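Peer 1: Got an experimental structure here, sequence first:
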Amino acid sequence: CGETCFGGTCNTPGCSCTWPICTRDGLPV
């Protein structure tokens, strides 16, 4: 996802917040 979940929330669906980076299915894509 690459996106940073600074506010805990992610902009990309499927990506889980793994502060400071969102990971979809555990993948930091």
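Peer 2: Done, it's in. Numbering: from 1, shown residues only.
Peer 1: drop to CA atoms for contacts and neighbour counts, all remaining ones
Peer 2: Fine.
Peer 1: quick one: contacts for the residue nearest the centre of the chain?
Peer 2: Centroid check for the chain by CA atoms, centre = their mean gives residue 22 as the closest residue, at 1.3 Å. Residue 22 is in contact with 1-5, 10, 15-16, 28, counting by CA atoms under 8 Å, 6 or more residues apart in numbering.
Peer 1: That one in helix, strand or coil?
Peer 2: With DSSP: H, G, I helix; E, B strand; the rest coil as the basis, the three-state label of residue 22 is strand.
Peer 1: Quick one: residues contacting residue 29.
Peer 2: 1-2, 23.
Peer 1: ignore the last one, residue 9
Peer 2: Residue 9 touches residue 17, counting by CA under 8 Å, 6+ apart.
Peer 1: re the thing from before, which residues does the residue nearest to the centre of the chain form beta bridges with?
Peer 2: residue 17 (DSSP bridges).
Peer 1: hang on, the earlier thing: identify those among the contacts of residue 22 that sit within strands.
Peer 2: Of the contacts of residue 22, the ones assigned to strands by DSSP state E are 15-16.
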